[PDB]
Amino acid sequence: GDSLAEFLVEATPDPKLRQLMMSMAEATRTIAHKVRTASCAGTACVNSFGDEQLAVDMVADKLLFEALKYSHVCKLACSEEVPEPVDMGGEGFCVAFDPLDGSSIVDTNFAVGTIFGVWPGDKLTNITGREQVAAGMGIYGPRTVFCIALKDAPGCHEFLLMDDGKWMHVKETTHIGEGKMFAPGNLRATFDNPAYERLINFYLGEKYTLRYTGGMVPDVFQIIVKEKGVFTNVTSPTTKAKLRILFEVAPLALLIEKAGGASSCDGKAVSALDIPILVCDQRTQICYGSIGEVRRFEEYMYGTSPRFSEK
């Protein structure tokens, strides 16, 4: 119905945060075009960043660092690739991002995406996901979608990229309900984690539909769209954790809890927004989904849900 800038002026009174969001949305539009026209002739999928030709996941990386530099509102930036923060010479926010999640399957024409979370202040460590003032993800499929949520504004919001190159609000999400769909990341952990094995058997026995592309952005965005489903990624003795709180799990946690979902993070049966992030490359495990399905996750994995079990 209405544009992204019109949405931003009502959602937050901070013009710096509105500038930052417009920058990320522009970087997402450019990355989307970089992926659409990428040459995957060799072992890598490449495209151009100025005068040099790089892999699309490096094109996206340098595009996002550029957008952050010329936003003037970014103090620190950090990418999954080099998980060491770097000073952008602005001040106002610190942003951590996964520039092209699932870039290894761009050649398969699967959906891929960008993740970013926005913190205030100057630190990107000794913070928690809840301190995020905003988070967003770009989704690159047959349609280009900018999906954001801000700390002091309700709902998770979808902006569709239109033919005139402008972002238009298309859907607000406020509640995630019950349904039969599961995305079991780290399915191998059922070998030696019996609790996770019993939970996956529940999903199968109850005839939940399987949907797991491996790329996190569409595997989680499908919950916001359908207002149903569960995403699980679980550690085991022979299977160690590969998801990062800073670049992936915490930003998506805000996007999920806004729009009415919940999250269970680490092995701790708390929200990802409450997990302390001590190093930028910190790893973790996560479950997203409706409050009901997160309650079941914690009950199967840990015995009870301290937040959602009947008292």
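Residue positions are given as counts along the sequence shown, with the first one as 1.
> Looking at the deposited entry, does 91-99 or 205-213 carry the larger mean Cα B-factor?
Replying inline: The recorded data point to 205-213.
> What stretch has the higher average Cα B-factor here, 111-119 or 236-244?
Replying inline: That would be 236-244.
> Split the chain's modelled residues into thirds by Cα B-factor; is residue 197 in the lowest, middle or highest one?
Replying inline: Its C-alpha B-factor belongs to the highest third of this chain's values.
> Would the CA B-factor of residue 66 place it in the lowest, middle or highest third of its chain?
Replying inline: Middle third, going by the recorded CA B-factors of the chain.
>> Quick check on the deposited entry: does the C-alpha B-factor of residue 231 sit in the lowest, middle or highest third of its chain?
In response: Its C-alpha B-factor, which the entry lists for residue 231, ranks in the lowest third among residues of this chain.
>> How does the C-alpha B factor of residue 149 compare with the rest of the chain: lowest, middle or highest third?
In response: Its C-alpha B-factor belongs to the lowest third of this chain's values.
> Split the chain's modelled residues into thirds by Cα B-factor; is residue 270 in the lowest, middle or highest one?
Replying inline: As the PDB entry reports it, the C-alpha B-factor of residue 270 lands in the lowest third of its chain.
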